[PDB]
>>> print(open('start-v8.txt').read())   # compact mmCIF, C-alpha atoms and all ligand atoms
# COMPACT_ATOMS: atom_id res chain seq x y z
CA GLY A 458 -7.89 -1.46 -28.73
CA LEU A 459 -7.60 -5.29 -29.32
CA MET A 460 -4.08 -5.54 -27.67
CA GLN A 461 -4.85 -7.58 -24.48
CA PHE A 462 -1.88 -8.16 -22.11
CA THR A 463 -1.63 -11.91 -21.18
CA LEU A 464 0.55 -13.57 -18.51
CA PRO A 465 2.03 -17.08 -18.44
CA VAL A 466 -0.45 -19.68 -17.08
CA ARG A 467 0.89 -19.81 -13.45
CA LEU A 468 0.79 -15.95 -13.14
CA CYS A 469 -2.61 -15.71 -14.96
CA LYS A 470 -4.06 -18.02 -12.21
CA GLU A 471 -2.06 -16.97 -9.09
CA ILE A 472 -2.42 -13.13 -9.79
CA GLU A 473 -6.17 -13.56 -8.85
CA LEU A 474 -5.25 -14.73 -5.29
CA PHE A 475 -4.56 -12.29 -2.40
CA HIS A 476 -1.18 -13.95 -1.51
CA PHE A 477 0.35 -13.55 -5.05
CA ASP A 478 4.02 -12.45 -5.05
CA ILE A 479 4.89 -10.36 -8.19
CA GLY A 480 8.29 -12.17 -8.49
CA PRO A 481 11.92 -10.97 -8.88
CA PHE A 482 11.69 -9.98 -12.62
CA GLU A 483 11.46 -6.12 -12.41
CA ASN A 484 10.78 -5.88 -16.20
CA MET A 485 7.50 -7.88 -15.86
CA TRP A 486 5.91 -5.53 -13.21
CA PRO A 487 4.60 -2.83 -15.67
CA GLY A 488 2.87 -5.62 -17.69
CA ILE A 489 1.45 -7.12 -14.43
CA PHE A 490 -0.05 -3.66 -13.53
CA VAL A 491 -1.54 -3.04 -17.05
CA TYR A 492 -2.98 -6.61 -17.00
CA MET A 493 -4.61 -5.71 -13.62
CA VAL A 494 -5.94 -2.30 -14.86
CA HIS A 495 -7.41 -3.98 -18.02
CA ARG A 496 -9.28 -6.69 -15.96
CA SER A 497 -10.37 -4.47 -12.97
CA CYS A 498 -11.33 -1.35 -15.02
CA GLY A 499 -11.40 -2.28 -18.76
CA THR A 500 -9.10 -1.94 -21.85
CA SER A 501 -10.87 1.42 -22.60
CA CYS A 502 -10.42 3.37 -19.31
CA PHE A 503 -6.76 4.37 -20.14
CA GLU A 504 -4.93 5.12 -23.45
CA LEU A 505 -2.18 2.41 -23.48
CA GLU A 506 0.56 4.83 -24.77
CA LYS A 507 -0.33 7.39 -21.98
CA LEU A 508 -0.63 4.64 -19.26
CA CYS A 509 2.75 3.05 -20.27
CA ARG A 510 4.46 6.51 -20.08
CA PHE A 511 2.78 7.25 -16.67
CA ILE A 512 3.93 3.82 -15.19
CA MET A 513 7.58 4.29 -16.36
CA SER A 514 7.66 7.89 -14.91
CA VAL A 515 6.16 6.55 -11.62
CA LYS A 516 8.81 3.76 -11.61
CA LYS A 517 11.65 6.32 -12.20
CA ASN A 518 10.42 8.41 -9.18
CA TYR A 519 10.63 5.40 -6.74
CA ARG A 520 14.13 5.27 -5.15
CA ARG A 521 16.52 2.31 -4.71
CA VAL A 522 15.71 1.84 -0.95
CA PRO A 523 15.37 -1.66 0.62
CA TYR A 524 11.53 -1.69 1.10
CA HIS A 525 9.78 1.62 0.04
CA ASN A 526 10.55 0.89 -3.66
CA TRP A 527 8.89 0.18 -7.05
CA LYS A 528 8.23 -3.49 -6.00
CA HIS A 529 6.26 -2.20 -2.91
CA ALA A 530 4.27 0.11 -5.27
CA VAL A 531 3.22 -2.77 -7.58
CA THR A 532 2.64 -5.22 -4.66
CA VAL A 533 0.20 -2.72 -3.00
CA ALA A 534 -1.59 -2.19 -6.38
CA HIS A 535 -1.97 -6.00 -6.71
CA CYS A 536 -3.64 -6.35 -3.23
CA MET A 537 -6.08 -3.55 -4.31
CA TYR A 538 -6.70 -5.46 -7.63
CA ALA A 539 -7.60 -8.64 -5.60
CA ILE A 540 -10.01 -6.63 -3.32
CA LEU A 541 -11.79 -4.91 -6.30
CA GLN A 542 -12.00 -8.25 -8.22
CA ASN A 543 -13.56 -9.99 -5.13
CA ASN A 544 -16.05 -7.01 -4.64
CA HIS A 545 -17.04 -6.41 -8.33
CA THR A 546 -20.38 -4.57 -7.75
CA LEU A 547 -19.43 -2.40 -4.68
CA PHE A 548 -17.16 0.15 -6.49
CA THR A 549 -17.94 2.93 -9.02
CA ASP A 550 -16.11 3.32 -12.40
CA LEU A 551 -14.01 6.28 -11.07
CA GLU A 552 -13.01 4.35 -7.89
CA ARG A 553 -11.67 1.38 -9.95
CA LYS A 554 -9.69 3.92 -12.14
CA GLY A 555 -8.45 5.97 -9.12
CA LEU A 556 -7.54 3.29 -6.55
CA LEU A 557 -5.02 1.19 -8.62
CA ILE A 558 -3.24 4.46 -9.62
CA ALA A 559 -3.46 5.70 -5.98
CA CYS A 560 -1.77 2.43 -4.79
CA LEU A 561 0.98 2.53 -7.47
CA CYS A 562 1.72 6.19 -6.48
CA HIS A 563 1.12 5.97 -2.69
CA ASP A 564 4.90 6.02 -1.70
CA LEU A 565 6.33 8.06 -4.68
CA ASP A 566 9.86 9.44 -3.92
CA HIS A 567 10.02 7.72 -0.47
CA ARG A 568 13.52 8.10 1.10
CA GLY A 569 13.13 5.12 3.52
CA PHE A 570 12.39 7.38 6.57
CA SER A 571 9.25 7.91 8.73
CA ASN A 572 7.41 11.27 9.15
CA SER A 573 8.91 11.31 12.74
CA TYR A 574 12.53 11.31 11.41
CA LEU A 575 11.68 14.09 8.85
CA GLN A 576 10.25 16.15 11.78
CA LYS A 577 13.30 15.56 14.07
CA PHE A 578 15.74 16.17 11.15
CA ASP A 579 13.85 19.47 10.41
CA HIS A 580 13.53 18.42 6.71
CA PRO A 581 11.95 21.15 4.49
CA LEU A 582 9.04 18.73 3.74
CA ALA A 583 8.22 18.86 7.53
CA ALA A 584 7.79 22.70 7.28
CA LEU A 585 5.70 22.42 4.04
CA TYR A 586 3.47 19.56 5.45
CA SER A 587 3.10 19.58 9.29
CA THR A 588 1.08 16.27 9.41
CA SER A 589 1.08 13.24 7.05
CA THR A 590 4.39 14.77 5.78
CA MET A 591 5.56 12.06 3.28
CA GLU A 592 1.92 11.21 2.31
CA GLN A 593 1.23 14.84 1.17
CA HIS A 594 4.57 14.65 -0.73
CA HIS A 595 3.49 11.32 -2.42
CA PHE A 596 0.24 12.99 -3.61
CA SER A 597 2.21 16.09 -4.82
CA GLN A 598 4.53 13.80 -6.93
CA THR A 599 1.43 11.98 -8.35
CA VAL A 600 -0.08 15.33 -9.59
CA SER A 601 3.40 16.43 -10.91
CA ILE A 602 3.72 13.21 -13.01
CA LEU A 603 0.05 13.45 -14.17
CA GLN A 604 1.01 16.93 -15.54
CA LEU A 605 4.08 15.80 -17.58
CA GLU A 606 3.29 16.04 -21.33
CA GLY A 607 1.66 12.83 -22.69
CA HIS A 608 1.10 11.57 -19.07
CA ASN A 609 -2.52 12.69 -18.37
CA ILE A 610 -4.11 9.20 -18.22
CA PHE A 611 -7.44 10.86 -17.12
CA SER A 612 -7.62 13.47 -19.97
CA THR A 613 -10.98 11.96 -21.28
CA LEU A 614 -12.77 12.57 -17.90
CA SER A 615 -14.98 15.73 -17.62
CA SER A 616 -13.83 18.61 -15.33
CA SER A 617 -15.89 17.17 -12.39
CA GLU A 618 -15.07 13.44 -13.03
CA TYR A 619 -11.38 14.55 -13.19
CA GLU A 620 -11.68 16.50 -9.84
CA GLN A 621 -13.56 13.48 -8.33
CA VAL A 622 -10.82 10.92 -9.29
CA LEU A 623 -7.93 13.22 -8.04
CA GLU A 624 -9.96 13.62 -4.77
CA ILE A 625 -10.28 9.77 -4.46
CA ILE A 626 -6.46 9.48 -5.08
CA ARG A 627 -5.60 12.28 -2.53
CA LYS A 628 -7.72 10.82 0.33
CA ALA A 629 -6.48 7.26 -0.57
CA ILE A 630 -2.78 8.29 -0.36
CA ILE A 631 -3.30 10.43 2.81
CA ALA A 632 -5.02 7.36 4.42
CA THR A 633 -1.69 5.38 4.09
CA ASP A 634 -0.42 7.56 6.98
CA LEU A 635 -0.74 4.85 9.68
CA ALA A 636 -1.15 7.58 12.42
CA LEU A 637 -4.63 8.12 10.80
CA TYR A 638 -5.48 4.34 10.54
CA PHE A 639 -6.21 3.79 14.30
CA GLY A 640 -8.97 6.44 14.57
CA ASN A 641 -10.31 5.48 11.12
CA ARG A 642 -10.67 1.74 11.98
CA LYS A 643 -12.22 2.65 15.42
CA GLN A 644 -14.95 4.73 13.64
CA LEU A 645 -15.57 1.93 11.07
CA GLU A 646 -15.76 -0.60 13.99
CA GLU A 647 -18.38 1.59 15.85
CA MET A 648 -20.34 2.27 12.59
CA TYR A 649 -20.34 -1.50 11.76
CA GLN A 650 -21.38 -2.62 15.34
CA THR A 651 -24.22 0.02 15.69
CA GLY A 652 -25.33 -0.75 12.07
CA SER A 653 -24.94 2.95 11.01
CA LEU A 654 -22.46 2.00 8.17
CA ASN A 655 -23.96 3.32 4.89
CA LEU A 656 -21.90 2.86 1.67
CA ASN A 657 -24.16 5.58 0.03
CA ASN A 658 -22.79 8.10 2.59
CA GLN A 659 -19.73 9.52 0.72
CA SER A 660 -17.94 10.18 4.11
CA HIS A 661 -18.45 6.41 4.94
CA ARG A 662 -17.08 5.31 1.49
CA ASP A 663 -14.01 7.56 2.15
CA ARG A 664 -13.46 5.73 5.49
CA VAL A 665 -13.84 2.25 3.84
CA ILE A 666 -11.39 3.15 1.00
CA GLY A 667 -9.00 4.41 3.73
CA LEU A 668 -9.06 0.98 5.44
CA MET A 669 -8.59 -0.84 2.05
CA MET A 670 -5.51 1.43 1.53
CA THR A 671 -4.13 0.44 5.00
CA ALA A 672 -4.87 -3.28 4.20
CA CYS A 673 -3.15 -3.11 0.75
CA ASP A 674 -0.22 -1.13 2.27
CA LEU A 675 0.36 -3.77 5.05
CA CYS A 676 -0.19 -6.73 2.65
CA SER A 677 3.39 -8.18 3.13
CA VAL A 678 1.92 -9.70 6.39
CA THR A 679 -0.73 -11.57 4.23
CA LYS A 680 1.79 -13.47 2.00
CA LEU A 681 3.08 -17.06 2.37
CA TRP A 682 5.47 -17.24 5.40
CA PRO A 683 8.67 -17.30 3.22
CA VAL A 684 7.61 -14.05 1.37
CA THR A 685 6.54 -12.41 4.70
CA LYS A 686 9.76 -13.46 6.53
CA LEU A 687 12.03 -12.19 3.67
CA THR A 688 10.06 -8.88 3.27
CA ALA A 689 10.51 -8.34 7.09
CA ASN A 690 14.33 -8.13 6.37
CA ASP A 691 13.76 -5.26 3.86
CA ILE A 692 11.34 -3.50 6.29
CA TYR A 693 13.84 -3.74 9.22
CA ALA A 694 16.85 -2.72 7.01
CA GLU A 695 15.05 0.68 6.58
CA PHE A 696 14.10 0.85 10.32
CA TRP A 697 17.76 0.27 11.38
CA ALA A 698 19.14 2.91 8.91
CA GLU A 699 16.54 5.32 10.42
CA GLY A 700 17.67 4.23 13.92
CA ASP A 701 21.28 5.01 12.88
CA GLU A 702 20.30 8.52 11.60
CA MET A 703 18.36 9.10 14.90
CA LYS A 704 21.58 8.26 16.86
CA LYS A 705 23.49 10.71 14.55
CA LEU A 706 21.03 13.46 15.73
CA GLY A 707 21.84 12.49 19.41
CA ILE A 708 18.44 10.70 19.90
CA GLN A 709 18.08 7.09 21.20
CA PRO A 710 15.70 5.50 18.67
CA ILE A 711 12.73 3.28 19.71
CA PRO A 712 13.78 -0.42 19.94
CA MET A 713 11.92 -1.17 16.61
CA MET A 714 14.65 0.92 14.83
CA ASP A 715 17.71 -0.03 16.97
CA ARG A 716 19.90 -2.65 15.16
CA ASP A 717 21.52 -3.39 18.60
CA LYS A 718 18.04 -4.65 19.75
CA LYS A 719 17.74 -7.09 16.75
CA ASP A 720 16.83 -9.91 19.28
CA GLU A 721 13.46 -8.07 20.05
CA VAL A 722 12.18 -8.21 16.37
CA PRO A 723 10.02 -11.39 16.84
CA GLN A 724 8.17 -9.89 19.89
CA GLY A 725 7.95 -6.52 17.98
CA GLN A 726 6.22 -8.41 15.08
CA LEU A 727 3.61 -10.00 17.50
CA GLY A 728 2.87 -6.46 18.82
CA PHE A 729 2.34 -5.10 15.28
CA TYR A 730 0.17 -8.11 14.21
CA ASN A 731 -1.96 -7.73 17.40
CA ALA A 732 -2.07 -3.84 17.52
CA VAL A 733 -2.28 -3.08 13.75
CA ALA A 734 -2.52 -5.94 11.19
CA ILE A 735 -5.17 -8.30 12.77
CA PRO A 736 -7.52 -5.41 13.79
CA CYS A 737 -7.12 -3.96 10.23
CA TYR A 738 -8.04 -7.20 8.32
CA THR A 739 -10.81 -8.11 10.89
CA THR A 740 -12.71 -4.78 10.37
CA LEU A 741 -12.06 -5.13 6.58
CA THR A 742 -13.49 -8.72 6.57
CA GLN A 743 -16.59 -7.46 8.56
CA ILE A 744 -17.23 -4.66 5.95
CA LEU A 745 -16.12 -6.71 2.85
CA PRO A 746 -16.65 -10.44 3.58
CA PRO A 747 -14.70 -11.73 0.50
CA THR A 748 -11.38 -10.15 1.81
CA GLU A 749 -11.38 -12.88 4.56
CA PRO A 750 -8.35 -14.63 2.92
CA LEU A 751 -6.19 -11.57 4.00
CA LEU A 752 -7.29 -12.05 7.67
CA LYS A 753 -6.65 -15.84 7.46
CA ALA A 754 -3.14 -15.35 5.89
CA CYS A 755 -2.38 -12.65 8.51
CA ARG A 756 -3.33 -15.02 11.38
CA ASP A 757 -1.16 -17.80 9.81
CA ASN A 758 1.88 -15.40 9.86
CA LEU A 759 1.14 -14.30 13.49
CA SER A 760 1.32 -18.05 14.36
CA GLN A 761 4.65 -18.37 12.42
CA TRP A 762 6.15 -15.45 14.52
CA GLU A 763 4.89 -17.21 17.71
CA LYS A 764 6.80 -20.33 16.44
CA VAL A 765 9.96 -18.13 15.97
CA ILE A 766 9.71 -16.96 19.64
CA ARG A 767 9.31 -20.59 20.95
CA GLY A 768 12.64 -21.40 19.14
CA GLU A 769 10.65 -23.76 16.76
CA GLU A 770 12.25 -21.61 13.97
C1 LIG A 801 5.67 2.31 16.06
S1 LIG A 801 4.14 1.82 15.20
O1 LIG A 801 3.29 2.94 14.97
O2 LIG A 801 3.65 0.61 15.78
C2 LIG A 801 4.62 1.41 13.55
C3 LIG A 801 4.66 2.41 12.58
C4 LIG A 801 5.03 2.12 11.27
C5 LIG A 801 5.36 0.82 10.93
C6 LIG A 801 5.33 -0.18 11.90
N1 LIG A 801 5.65 -1.49 11.52
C7 LIG A 801 6.32 -2.33 12.35
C8 LIG A 801 6.62 -3.59 11.95
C9 LIG A 801 6.21 -4.01 10.66
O3 LIG A 801 6.44 -5.14 10.26
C10 LIG A 801 5.49 -3.00 9.83
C11 LIG A 801 4.97 -3.27 8.48
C12 LIG A 801 4.38 -4.44 8.08
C13 LIG A 801 3.99 -4.28 6.75
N2 LIG A 801 4.29 -3.08 6.36
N3 LIG A 801 4.90 -2.40 7.42
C14 LIG A 801 5.38 -1.09 7.33
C15 LIG A 801 6.75 -0.87 7.41
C16 LIG A 801 7.25 0.43 7.31
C17 LIG A 801 6.40 1.51 7.14
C18 LIG A 801 5.04 1.28 7.06
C19 LIG A 801 4.52 -0.02 7.16
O4 LIG A 801 3.17 0.02 7.04
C20 LIG A 801 2.78 1.40 6.86
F1 LIG A 801 2.12 1.59 5.63
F2 LIG A 801 1.97 1.80 7.94
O5 LIG A 801 4.01 2.16 6.87
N4 LIG A 801 5.26 -1.82 10.34
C21 LIG A 801 4.95 0.11 13.21
CL CL A 802 -14.19 -9.27 -13.70
MG MG A 803 3.82 5.43 2.97
ZN ZN A 804 3.46 1.87 1.39
>>> encode(input="start-v8.txt", output="structure tokens", more="lines below")
Ligand SMILES: CS(=O)(=O)c1cccc(-n2ccc(=O)c(-c3ccnn3-c3cccc4c3OC(F)(F)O4)n2)c1
Ligand SMILES: [Cl-]
Ligand SMILES: [Mg+2]
Ligand SMILES: [Zn+2]
Amino acid sequence: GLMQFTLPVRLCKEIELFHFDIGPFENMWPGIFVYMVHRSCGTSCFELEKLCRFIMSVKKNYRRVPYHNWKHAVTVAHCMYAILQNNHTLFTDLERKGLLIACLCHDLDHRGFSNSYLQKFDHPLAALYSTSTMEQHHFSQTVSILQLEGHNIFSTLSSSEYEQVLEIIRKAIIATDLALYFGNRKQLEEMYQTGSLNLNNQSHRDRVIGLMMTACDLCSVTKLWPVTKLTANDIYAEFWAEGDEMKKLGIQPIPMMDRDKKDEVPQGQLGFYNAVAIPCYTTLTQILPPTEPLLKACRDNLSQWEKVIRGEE
């Protein structure tokens, strides 16, 4: 009960900021997550023995791929920690419990390939889940791990509180399917503009948690330039491997995934910042004013990619 996790001074202070990088020491990431759970939820919401076993099983079920890995899991959980900690009063007890777990689990057993490649490969997962293919898989792996002996971190919830938190986690993980982000942000934009946005409407909360999930998932574009630039290498290493596998199926991949079109990456980044990232953090800042630092950091990185194009780096 009285066993508080504590971080060294620089991490204790910088973990509270949106642009925090969890560092290269793999063995510190479990402790960084528990620290975050304890401060954003309480020391009481999870049994430490159960939580520690859950985290290490989640870790084991992330693969050794360049980007969609255990470090991405904990990074996305940290962005969610920063949002919850900057919006203390807006979220229920179950939401704070569900969302950090949802983030940690959101890419469980990711192979480094898009839903599109699974569909063109004719992977069994594409027959089992026709849309949001990997995202339904990620949720399935979350439930599987929750059901390992000694792993039910929610076992002290009632039947209905339990069904409510698994429902928060399912929607939250499904929302990380970027195909669903565009329509979701459009609706939130319209609801915000016409003043119909109502956080007491459960269907509106769902939408707002969806956009938070997109924002946490994309959060590599909200880091300091050196973190963002170096993460871009891991992201594109997966895209190019997928491009290679597309060519193996006799399909010319989109330029984003062609390692022969490596020259077009800077302009591809501008497109993504303008089409996806900036719109995402703008709508999020409108709904949750204190998440503005994510928008500001995003804009700073868009400017850094413009500088790359102009040969200024
Ligand atoms: C062709 S499209 O629809 O425009 C399209 C689709 C998917 C990613 C991208 N794309 C391009 C360039 C990029 O730097 C990123 C990026 C930045 C941060 N994270 N990710 C990202 C990477 C890999 C997978 C992901 C990603 O976020 C996700 F959670 F959405 O799933 N993403 C673009
Ligand atoms: Cl607090
Ligand atoms: Mg994903
Ligand atoms: Zn992700």
>>> closest_atom_pairs(input="start-v8.txt", of="chain A", to="ligand MG 803 (chain A)", cutoff="12 Å", atoms="all atoms listed in the file", output="tab-separated table")
residue	atom	partner	partner_atom	distance
A:519	CA	A:MG803	MG	11.9
A:524	CA	A:MG803	MG	10.7
A:525	CA	A:MG803	MG	7.7
A:526	CA	A:MG803	MG	10.5
A:529	CA	A:MG803	MG	9.9
A:530	CA	A:MG803	MG	9.8
A:533	CA	A:MG803	MG	10.7
A:559	CA	A:MG803	MG	11.5
A:560	CA	A:MG803	MG	10.0
A:561	CA	A:MG803	MG	11.2
A:562	CA	A:MG803	MG	9.7
A:563	CA	A:MG803	MG	6.3
A:564	CA	A:MG803	MG	4.8
A:565	CA	A:MG803	MG	8.5
A:566	CA	A:MG803	MG	10.0
A:567	CA	A:MG803	MG	7.5
A:568	CA	A:MG803	MG	10.2
A:569	CA	A:MG803	MG	9.3
A:570	CA	A:MG803	MG	9.5
A:571	CA	A:MG803	MG	8.3
A:572	CA	A:MG803	MG	9.2
A:589	CA	A:MG803	MG	9.2
A:590	CA	A:MG803	MG	9.8
A:591	CA	A:MG803	MG	6.9
A:592	CA	A:MG803	MG	6.1
A:593	CA	A:MG803	MG	9.9
A:594	CA	A:MG803	MG	10.0
A:595	CA	A:MG803	MG	8.0
A:596	CA	A:MG803	MG	10.6
A:629	CA	A:MG803	MG	11.0
A:630	CA	A:MG803	MG	7.9
A:631	CA	A:MG803	MG	8.7
A:632	CA	A:MG803	MG	9.2
A:633	CA	A:MG803	MG	5.6
A:634	CA	A:MG803	MG	6.2
A:635	CA	A:MG803	MG	8.1
A:636	CA	A:MG803	MG	10.9
A:637	CA	A:MG803	MG	11.8
A:670	CA	A:MG803	MG	10.3
A:671	CA	A:MG803	MG	9.6
A:673	CA	A:MG803	MG	11.2
A:674	CA	A:MG803	MG	7.7
A:675	CA	A:MG803	MG	10.0
>>> residues_around(input="start-v8.txt", residues="range 536-540 of chain A", least_positions_apart="6", cutoff="8 Å", atoms="only C-alpha atoms", output="PDB file with C-alpha atoms, in the frame of the given file")
ATOM      1  CA  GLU A 473      -6.170 -13.560  -8.850  1.00  0.00           C
ATOM      2  CA  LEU A 474      -5.250 -14.730  -5.290  1.00  0.00           C
ATOM      3  CA  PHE A 475      -4.560 -12.290  -2.400  1.00  0.00           C
ATOM      4  CA  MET A 493      -4.610  -5.710 -13.620  1.00  0.00           C
ATOM      5  CA  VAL A 494      -5.940  -2.300 -14.860  1.00  0.00           C
ATOM      6  CA  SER A 497     -10.370  -4.470 -12.970  1.00  0.00           C
ATOM      7  CA  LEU A 556      -7.540   3.290  -6.550  1.00  0.00           C
ATOM      8  CA  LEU A 557      -5.020   1.190  -8.620  1.00  0.00           C
ATOM      9  CA  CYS A 560      -1.770   2.430  -4.790  1.00  0.00           C
ATOM     10  CA  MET A 669      -8.590  -0.840   2.050  1.00  0.00           C
ATOM     11  CA  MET A 670      -5.510   1.430   1.530  1.00  0.00           C
ATOM     12  CA  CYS A 673      -3.150  -3.110   0.750  1.00  0.00           C
ATOM     13  CA  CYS A 676      -0.190  -6.730   2.650  1.00  0.00           C
ATOM     14  CA  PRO A 747     -14.700 -11.730   0.500  1.00  0.00           C
ATOM     15  CA  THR A 748     -11.380 -10.150   1.810  1.00  0.00           C
TER      16      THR A 748
END
>>> residues_around(input="start-v8.txt", residues="residue 704 in chain A", least_positions_apart="5", cutoff="12 Å", atoms="all atoms listed in the file", output="VMD selection string")
chain A and resid 574 577 to 578 697 to 699 709 to 711 714 to 717
>>> atom_distance(input="start-v8.txt", atom1="CA of residue 767 in chain A", atom2="CA of residue 731 in chain A")
17.5 Å
>>> closest_residue(input="start-v8.txt", among="A:681, A:692, A:666, A:656", to="ligand ZN 804 (chain A)", atoms="only C-alpha atoms and all ligand atoms")
A:692
>>> residues_near_ligand(input="start-v8.txt", ligand="ligand CL 802 (chain A)", cutoff="9 Å", atoms="all atoms listed in the file", output="number ranges by chain")
A: 496-498, 541-543, 545
>>> write_last_selection(input="start-v8.txt", atoms="C-alpha atoms", output="PDB file, in the frame of the given file")
ATOM      1  CA  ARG A 496      -9.280  -6.690 -15.960  1.00  0.00           C
ATOM      2  CA  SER A 497     -10.370  -4.470 -12.970  1.00  0.00           C
ATOM      3  CA  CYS A 498     -11.330  -1.350 -15.020  1.00  0.00           C
ATOM      4  CA  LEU A 541     -11.790  -4.910  -6.300  1.00  0.00           C
ATOM      5  CA  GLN A 542     -12.000  -8.250  -8.220  1.00  0.00           C
ATOM      6  CA  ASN A 543     -13.560  -9.990  -5.130  1.00  0.00           C
ATOM      7  CA  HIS A 545     -17.040  -6.410  -8.330  1.00  0.00           C
TER       8      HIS A 545
END
>>> residues_around(input="start-v8.txt", residues="residue 608 in chain A", least_positions_apart="6", cutoff="8 Å", atoms="only C-alpha atoms", output="JSON list (two decimals) with C-alpha atoms, in the frame of the given file")
[["chain", "number", "residue", "atom", "x", "y", "z"],
["A", 507, "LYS", "CA", -0.33, 7.39, -21.98],
["A", 508, "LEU", "CA", -0.63, 4.64, -19.26],
["A", 510, "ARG", "CA", 4.46, 6.51, -20.08],
["A", 511, "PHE", "CA", 2.78, 7.25, -16.67],
["A", 602, "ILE", "CA", 3.72, 13.21, -13.01]]
>>> closest_residue(input="start-v8.txt", among="A:485, A:665, A:654, A:645", to="residue 628 in chain A", atoms="all atoms listed in the file")
A:665
>>> atom_distance(input="start-v8.txt", atom1="CA of residue 647 in chain A", atom2="CA of residue 668 in chain A")
14.0 Å
>>> residues_near_point(input="start-v8.txt", point="(-4.1, -7.4, 14.0)", cutoff="12 Å", atoms="all atoms listed in the file", output="PyMOL selection string")
chain A and resi 639+642+671-672+675+678-679+726-741+751-760
>>> write_last_selection(input="start-v8.txt", atoms="C-alpha atoms", output="short mmCIF file (atom, residue, chain, number, x, y, z; two decimals), in the coordinates of the input")
data_model
loop_
_atom_site.label_atom_id
_atom_site.label_comp_id
_atom_site.auth_asym_id
_atom_site.auth_seq_id
_atom_site.Cartn_x
_atom_site.Cartn_y
_atom_site.Cartn_z
CA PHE A 639 -6.21 3.79 14.30
CA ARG A 642 -10.67 1.74 11.98
CA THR A 671 -4.13 0.44 5.00
CA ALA A 672 -4.87 -3.28 4.20
CA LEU A 675 0.36 -3.77 5.05
CA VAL A 678 1.92 -9.70 6.39
CA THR A 679 -0.73 -11.57 4.23
CA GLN A 726 6.22 -8.41 15.08
CA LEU A 727 3.61 -10.00 17.50
CA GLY A 728 2.87 -6.46 18.82
CA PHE A 729 2.34 -5.10 15.28
CA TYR A 730 0.17 -8.11 14.21
CA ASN A 731 -1.96 -7.73 17.40
CA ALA A 732 -2.07 -3.84 17.52
CA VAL A 733 -2.28 -3.08 13.75
CA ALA A 734 -2.52 -5.94 11.19
CA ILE A 735 -5.17 -8.30 12.77
CA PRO A 736 -7.52 -5.41 13.79
CA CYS A 737 -7.12 -3.96 10.23
CA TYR A 738 -8.04 -7.20 8.32
CA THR A 739 -10.81 -8.11 10.89
CA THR A 740 -12.71 -4.78 10.37
CA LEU A 741 -12.06 -5.13 6.58
CA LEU A 751 -6.19 -11.57 4.00
CA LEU A 752 -7.29 -12.05 7.67
CA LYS A 753 -6.65 -15.84 7.46
CA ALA A 754 -3.14 -15.35 5.89
CA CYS A 755 -2.38 -12.65 8.51
CA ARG A 756 -3.33 -15.02 11.38
CA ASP A 757 -1.16 -17.80 9.81
CA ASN A 758 1.88 -15.40 9.86
CA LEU A 759 1.14 -14.30 13.49
CA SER A 760 1.32 -18.05 14.36
#
>>> closest_residue(input="start-v8.txt", among="A:484, A:532, A:677, A:544", to="residue 742 in chain A", atoms="all atoms listed in the file")
A:544
>>> closest_residue(input="start-v8.txt", among="A:516, A:718, A:764, A:528", to="ligand ZN 804 (chain A)", atoms="only C-alpha atoms and all ligand atoms")
A:528
>>> atom_distance(input="start-v8.txt", atom1="CA of residue 605 in chain A", atom2="CA of residue 509 in chain A")
13.1 Å
>>> closest_residue(input="start-v8.txt", among="A:504, A:598, A:584, A:614", to="residue 518 in chain A", atoms="all atoms listed in the file")
A:598
>>> closest_residue(input="start-v8.txt", among="A:683, A:712, A:746, A:707", to="ligand LIG 801 (chain A)", atoms="all atoms listed in the file")
A:712
>>> axis_aligned_box(input="start-v8.txt", around="range 463-469 of chain A", padding_each_side="3 Å", output="AutoDock Vina command-line options")
--center_x -0.3 --center_y -15.9 --center_z -17.2 --size_x 10.6 --size_y 13.9 --size_z 14.0
>>> residues_around(input="start-v8.txt", residues="residue 464 in chain A", least_positions_apart="5", cutoff="8 Å", atoms="only C-alpha atoms", output="list in words")
residues 469, 489 and 492 of chain A
>>> residues_around(input="start-v8.txt", residues="residue 460 in chain A", least_positions_apart="2", cutoff="9 Å", atoms="only C-alpha atoms", output="PyMOL selection string")
chain A and resi 458+462+500
>>> decode(input="start-v8.txt", residues="range 547-553 of chain A", atoms="N, CA and C atoms", output="JSON list (two decimals), in the first residue's frame")
[["chain", "number", "residue", "atom", "x", "y", "z"],
["A", 547, "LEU", "N", -12.24, 16.28, -15.74],
["A", 547, "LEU", "CA", -13.12, 15.95, -16.91],
["A", 547, "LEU", "C", -13.36, 14.45, -17.01],
["A", 548, "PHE", "N", -12.58, 13.59, -16.36],
["A", 548, "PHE", "CA", -12.64, 12.13, -16.62],
["A", 548, "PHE", "C", -13.06, 11.38, -15.36],
["A", 549, "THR", "N", -13.88, 10.35, -15.57],
["A", 549, "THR", "CA", -14.43, 9.47, -14.51],
["A", 549, "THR", "C", -13.30, 8.60, -13.95],
["A", 550, "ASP", "N", -13.58, 7.84, -12.90],
["A", 550, "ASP", "CA", -12.60, 6.93, -12.26],
["A", 550, "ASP", "C", -12.28, 5.78, -13.22],
["A", 551, "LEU", "N", -13.31, 5.24, -13.89],
["A", 551, "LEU", "CA", -13.17, 4.08, -14.81],
["A", 551, "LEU", "C", -12.35, 4.49, -16.03],
["A", 552, "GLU", "N", -12.56, 5.71, -16.53],
["A", 552, "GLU", "CA", -11.87, 6.22, -17.73],
["A", 552, "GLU", "C", -10.38, 6.30, -17.43],
["A", 553, "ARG", "N", -10.00, 6.82, -16.27],
["A", 553, "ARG", "CA", -8.57, 6.97, -15.91],
["A", 553, "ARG", "C", -7.94, 5.58, -15.83]]
